[PDB]
């Protein structure tokens, strides 16, 4: 069963899919192919929870009812930097303008 995700770091968002039985490490391989950094230099987060490389995407909470094509689940990404790691930082999207009057009830 497929789950649809948004891998997000800083001002970068990756739209990808994976099997629900796919593991977090395998998802790191997908990130490695795109952003050219290996899994050992990655930390994937669901909200603010660190995900083990051994758990499947379903065991982390990414099911077909939470990771849908029209509403993908968000996975955080942090890269290794020198002897330490950088903190998780996802810069938010822009904000929509105030709802115009003709659209209000």
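Throughout, rigid core stands for the largest set of C-alpha atoms superposing within 1.5 Å between the two forms. Numbering follows the first chain given and starts at 1.
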Stretch farther from the shown model on average in 6 other deposited structures of this protein, with CA RMS computed after core superposition (82 to 90, 16 to 24): 82 to 90
Higher-deviation stretch (C-alpha RMS, rigid core fit) in 6 other deposited structures of this protein, choosing from 56 to 64 and 73 to 81: 73 to 81
Segment of higher mean CA temperature factor, 29 to 37 or 62 to 70: 62 to 70
Stretch exceeding the other in mean C-alpha B-factor - 74 to 82, 51 to 59: 51 to 59
Options 12, 95, 21, 16 - largest CA temperature factor per the record: 21
Assigned third (lowest, middle, highest) for the C-alpha B factor of residue 1: highest
